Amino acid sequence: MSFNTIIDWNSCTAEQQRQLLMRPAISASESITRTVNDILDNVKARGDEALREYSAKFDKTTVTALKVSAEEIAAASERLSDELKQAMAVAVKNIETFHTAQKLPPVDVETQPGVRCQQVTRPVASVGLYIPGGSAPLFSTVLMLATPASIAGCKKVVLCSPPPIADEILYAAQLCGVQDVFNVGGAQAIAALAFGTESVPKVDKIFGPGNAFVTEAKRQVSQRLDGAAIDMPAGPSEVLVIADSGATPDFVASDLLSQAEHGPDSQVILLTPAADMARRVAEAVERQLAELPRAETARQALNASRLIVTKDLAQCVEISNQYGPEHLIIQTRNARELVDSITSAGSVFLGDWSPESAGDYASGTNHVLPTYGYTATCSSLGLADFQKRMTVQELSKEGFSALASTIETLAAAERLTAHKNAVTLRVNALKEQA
């Protein structure tokens, strides 16, 4: 249906092989940047009045109260089925158990007698969460963001989403303890969280992906001093599946399609030692695609897919590590054995019964992951992103005295007399006193 079939890796030239491992390039659109720039400055200078002006020309019912009332929340709540509410409770319980398990053990050591050094954590005081709106509300992200923030001890957690806000998002927010929910979206919401308005509190860090304007807004506020920090840069979503001859074509295909339906820009890749497996997966994908209700998105994403036949699993791992996929699914006989050799990936799924779908919703891991190659240096969203590491040290007189000569020597070597003098004064004071 307008596309490729399979690629024999070793049949490609060294150059072509390097072109596949590369991801598409993004523009900059001098226009969107300028548009977003004016949006941010406007929101900072004219607050809620400015937000209502945008709400006006962007809606048939200009928003009045920015903060969703507690009454509107309880109403949305009752309208959801018990089935769905219970499903969310299961997801939150497992997400909570996994992230709670990431709490850093205390770091407290005496590098040498009398020289006590510690590392303690402090939560980011206030965080803002953004959730896109629309037809199909991806309320699960609310669970992924608010849960870790709650566990970290963040003092303030607020959320913005394009009005009207779905009952699922509102319920997901209440369930995770989100304190305030605001009727704002796009680059304006990011600006509202980053700068603050009469209604929206200024937060220290903003979490949550969005469209091109949300992404640009997050980039801009992270680069401004009067702005705020952000969770991570965005990029197209990806999935790489490593499958041997023992995998089930339909399982492989269902995972490639799950990722593909996340957007026309999703990158889906299959690495398999078996040409036969590749062919079967390609056909399963075609057959399953034909049953997908609204598969135009999935269809377009598949045009950039790559079903690669390799020499063996070792070459599969070599290729995967060079790529560093956001999601890595290992459907091979010795799945867990390979993990150790996996040097780069956002989140790994092992075996036939670990669908990407299980991780997006209820296994407990976070589905907010690095993509577009950022897997090379950034990590999966976790507890650490809602905290800060602070260092503390205390030297006793004895500890200080034994380290003094070393400090003076080094300070003197760097020609920083005042640093050296700070030690000398203390040393003489100690001789004196006793």
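Quick note: we count residues from 1 along the sequence shown, nothing fancier.
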So 409 to 417 or 17 to 25, which one's hotter by mean CA B-factor in the entry?
-> 17 to 25
Average Cα temperature factor in the PDB entry - higher stretch of 184 to 192, 72 to 80 | 72 to 80
Compare the CA B factors listed in the entry for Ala295, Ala362, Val127, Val142 and report the winner.
-> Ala295
Which of these has the highest Cα B-factor in the record: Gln387, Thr35, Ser396, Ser380?
-> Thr35
Lowest, middle or highest third - CA B-factor, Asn366 | lowest
Comparing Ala65 with the other modelled residues of its chain, is its CA B-factor in the lowest, middle or highest third?
-> highest
Select lowest, middle or highest to describe the third in which the CA B-factor of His262 falls within its chain in this entry.
-> highest
Taking the C-alpha B-factors as the PDB entry records them, is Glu283 in the lowest, middle or highest third of its chain?
-> lowest
Taking the chain's C-alpha temperature factors as the reference, tell me which third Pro201 falls into: lowest, middle or highest.
-> middle
